[PDB]
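Presented below is the structure to which this report refers.
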Amino acid sequence: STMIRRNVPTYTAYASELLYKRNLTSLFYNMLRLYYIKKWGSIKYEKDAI
Amino acid sequence: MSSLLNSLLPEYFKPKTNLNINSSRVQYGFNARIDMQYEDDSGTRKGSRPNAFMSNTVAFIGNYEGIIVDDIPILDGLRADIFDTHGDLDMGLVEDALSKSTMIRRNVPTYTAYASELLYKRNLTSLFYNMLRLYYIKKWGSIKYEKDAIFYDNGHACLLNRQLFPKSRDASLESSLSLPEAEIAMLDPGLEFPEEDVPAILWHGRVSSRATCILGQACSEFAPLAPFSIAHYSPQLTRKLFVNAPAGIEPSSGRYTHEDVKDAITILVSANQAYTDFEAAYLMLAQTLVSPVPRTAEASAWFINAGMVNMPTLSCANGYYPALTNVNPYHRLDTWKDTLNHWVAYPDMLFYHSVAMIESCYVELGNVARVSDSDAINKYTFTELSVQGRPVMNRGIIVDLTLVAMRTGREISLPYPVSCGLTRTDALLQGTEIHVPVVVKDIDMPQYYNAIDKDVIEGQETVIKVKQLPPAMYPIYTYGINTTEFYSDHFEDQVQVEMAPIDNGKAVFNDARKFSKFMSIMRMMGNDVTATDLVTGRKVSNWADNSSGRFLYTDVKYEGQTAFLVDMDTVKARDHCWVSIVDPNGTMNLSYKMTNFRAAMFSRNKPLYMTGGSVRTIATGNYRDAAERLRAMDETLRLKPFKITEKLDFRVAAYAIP
Amino acid sequence: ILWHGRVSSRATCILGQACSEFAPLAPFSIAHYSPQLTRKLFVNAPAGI
Amino acid sequence: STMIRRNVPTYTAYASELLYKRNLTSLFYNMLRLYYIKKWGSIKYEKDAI
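These protein sequence lines are chains A, B, C and D, in that order.
Just so we're aligned, residue 101 is where the first sequence starts under the authors' numbering, counting upward by one.
Just so we're aligned, residue 1 is where the second sequence starts under the authors' numbering, counting upward by one.
Just so we're aligned, residue 201 is where the third sequence starts under the authors' numbering, counting upward by one.
Just so we're aligned, residue 101 is where the fourth sequence starts under the authors' numbering, counting upward by one.
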């Protein structure tokens, strides 16, 4: 899947180290929290409540 | 691929060779005979339009921008000996082939080492693409673009060419581009080590004075003034280009005709054995030759931001290895020369193949935009499930060919999974509001269109908020081959609106489906109906187009609950050849029938006629049967005699055959 | 030694340090004392180093 | 082969000695040590430690 075949040995070496640590779960977690902060963003917390 | 784009054309359509285009706007369509009928408790009222013209306006303008991307190598052309059983370059047979050749003996060891990198640089698609554009620039060079011209107008809203295309000066297509020439150097056969990042091509005999000027301009930056479709922005392909021609390269002439570009292409494909490269370039240009004029005012959202064209980097290492190309090439499919042979015979047929492809795509993107994200085959994931290959990235031709496969309902097969050309699905995948500019004509505009202002004086520049993208084209060539209920492109159709005499003309359509068919058939009958939504309080008019003459449900410009009040004592007769609804009572039954079809084209409000010879379906067998024949009549001048015959007069002579 | 295509800018630095004396300060197991393997190393690469 | 013709006789004479010099174990050993030095480079050694 390339015409420039000089970079294949270098590309393979870096790919082998990175593929065994791929995880986007933490990014989606924060993106979901930002959705609900904006939607339900009129809830009041009073300190001297029960 | 000439074959698959040919099948898209209708059965009644019989095309000829020459098409004398003399403008930047064409109304392609057909003439049909519509037998309309209105049945009621009182009686039946019959009408008949003998020549009904259903058209789709297509222009030669459209903002595009080229970017140089990395794409797969096309291995068709190289000799079949060096390839192994599986079909990849077995290095070891390459070293064997170079050794037993007419190469300099001191270069064999150093050239063989480079082979591992350079032999996998085979993609001439970018060069053929630019050379095809130069052919059509010089042919249709007299077409004009005016700055303060009408891009769209429907009576209420108007959209000028100044609005969509700023930085735009008025000029002819010939006077648009001023291409500078790249250096065409001669390759020295006795060069020590090959220079990578500089492509070297093959040539038959001597490079002519005009061939230098064409190749020089093809490998250069396109910097246009007027926004033309065949003269869009492209980056510099290369700085220098080597040509392995033992006969010296003549210097640049300066001038050339469109016939000289055909001469340049036919020599380049034959020498390099690059037919699959040409097939890729033919399909690329088929997408980005003509762009559709939008059907409605709010269907201009597709052409606001410039769609990127993916041109694969120019890379060729045939000049350095002349031995590896010969008369016995490796090819996957047997019908691999069919696309070039079709273009050389009928160049002007590309116009018909282009409109067939964009009409197929923009129709399917119409009914793809109306599916919810929560589904299996949706907006984002319709390309992945359809594709059964291994392309680098799902872009360019893959997205356009998969939309054609959905329209026709057939299996499209290409020899190489190449991913180059225009990407259309840009505004769709974003999934945000688009702000199209508009200049107002009347003062009662913002009731109909979802405008930003509620009161606007005439001649003011306003903005319309488009959320869901309406269909840009109506199906005309693909009419009643794969019918859907959205477009309702049937030959026979009927609708039953149920009213009682207690109701004083006023009917409420609870159903959305039959409301669409009622409003559409009433427009065929030449009646101006104006419905009003009860929930929201907006208004819709069936007369929202001057081309097709149909009403799609996306003309409401709002998704909500369906409660359309239509008052049937405010119906106005607008067009000629029309049936009258004077005063209805009881149940109404509307119906029509389309019987025959005749191909028609319009340009500058005049008929555009097809001229020249009768175009045939060129097959691989039709030429190679004459190769099987060889003209085997032994080339021997056999002169047969004529015996003179005497009759009554004797003054005059008469010769007989035996 | 032999090589595929061009010897990269970083490959020169690695081969240069691999064929050299290890003179450590701290007694580490993967950085123990080793003599100079060779002074010069040829590389048959038609594409220049 | 693709060798220079004037070198064939002189190179063939040397073959008897040079072709039996094949041991790259020392080079691979040092290159493997450079891999782990740069990977686990942040480990520390204190002089007055237990």
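Yeah, the Cβ is synthetic: ideal placement off N, Cα and C, and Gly gets one too.
At the C-beta level, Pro73 of chain B and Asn123 of chain B come within 8 Å of one another. In this structure, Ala323 of chain B keeps its C-beta atom at 8 Å or more from the C-beta atom of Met186 of chain B.
Where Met311 of chain B is concerned, the enclosing beta strand (DSSP E) starts and stops at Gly307 to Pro312.
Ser386 of chain B has its alpha-carbon roughly 51 Å from the corresponding atom of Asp569 of chain B. At a cut-off of 8 Å between C-beta atoms, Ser208 of chain C does not count as an interface residue with respect to chain D. The shortest C-alpha to C-alpha distance from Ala345 of chain B to any of B:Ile304, B:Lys262 and B:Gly431 is the one to B:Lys262. With a beta-carbon spacing of about 28 Å, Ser252 of chain B and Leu289 of chain B fall beyond the 8 Å limit used to define contacts.
Between the region 81-90 of chain B and the region 108-115 of chain A there are fewer than three C-beta pairs closer than 8 Å, too few to call the two in contact.
Excluding residues up to 5 positions away in sequence, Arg407, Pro471, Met473, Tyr474, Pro475, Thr478 and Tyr487 lie with their Cβ nearer than 8 Å to the Cβ of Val363 of chain B in the same chain. Of the candidates B:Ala218, B:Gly526, B:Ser360 and B:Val566, B:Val566 places its Cα closest to the Cα of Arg538 of chain B. In the structure shown, the three-state DSSP call for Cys316 of chain B is strand. The beta carbon of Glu384 of chain B lies closer than 6 Å to none in the same chain, with the five residues before and after it left out.
Remark: C-beta atoms of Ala599 of chain B and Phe13 of chain B approach each other more closely than 8 Å. From the beta-carbon of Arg133 of chain A, no residue of chain C is found nearer than 7 Å; the closest lies around 42 Å away. Comparing C-alpha distances from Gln236 of chain C to each of C:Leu215, C:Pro227, C:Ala245 and C:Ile249 shows the shortest one belongs to C:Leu215. For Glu117 of chain B, the chain A residues whose Cβ falls inside 7 Å of its Cβ are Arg105 and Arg106, in order along the chain.
Here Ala149 of chain D carries a coil assignment [DSSP, helix/strand/coil].
Membership of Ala200 of chain B in the beta strand (DSSP E) is indicated by the continuous run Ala200 to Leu202. Under the three-state reduction of DSSP, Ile104 of chain D is assigned to coil, being neither helix nor strand. Think of a sphere of 9 Å around the beta carbon of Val392 of chain B: the chain A residues whose beta carbon falls inside it are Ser101 and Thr102, in chain order. Taken in chain order, the region 435-483 of chain B contains no complete alpha helix (DSSP H) segment of 4 residues or longer. In the DSSP annotation of this structure, the continuous segment of the alpha helix (DSSP H) that includes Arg407 of chain B starts and ends at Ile397 to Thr408. Taking a contact as a CB-CB distance under 8 Å, the pair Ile434 of chain B and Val466 of chain B counts as one, their CB atoms being some 5 Å apart. Per DSSP, reduced to three states, the secondary structure at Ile143 of chain B is coil, with no helix or strand assignment. Using a CB distance cut-off of 8 Å, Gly205 of chain C counts as an interface residue toward chain A. Here the region 611-619 of chain B makes no contact with the region 49-63 of chain B; the two share fewer than three CB pairs at distances below 8 Å. Look at the region 166-193 of chain B: it has no residue with a C-beta under 7 Å from a C-beta of chain D.
For the pair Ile398 of chain B and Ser419 of chain B, the CB atoms are nearer than the 8 Å cut-off. When the beta-carbon positions are compared, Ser300 of chain B and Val436 of chain B come within less than 8 Å of each other.
Straight across, the Cα-Cα distance linking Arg513 of chain B with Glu458 of chain B is about 36 Å. By the neighbour-count criterion, in which 16 or more other beta carbons inside 10 Å mark a residue as buried, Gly480 of chain B falls on the exposed side. Residue-level contact by beta carbon fails for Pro227 of chain C and chain B, as no gap is shorter than 8 Å.
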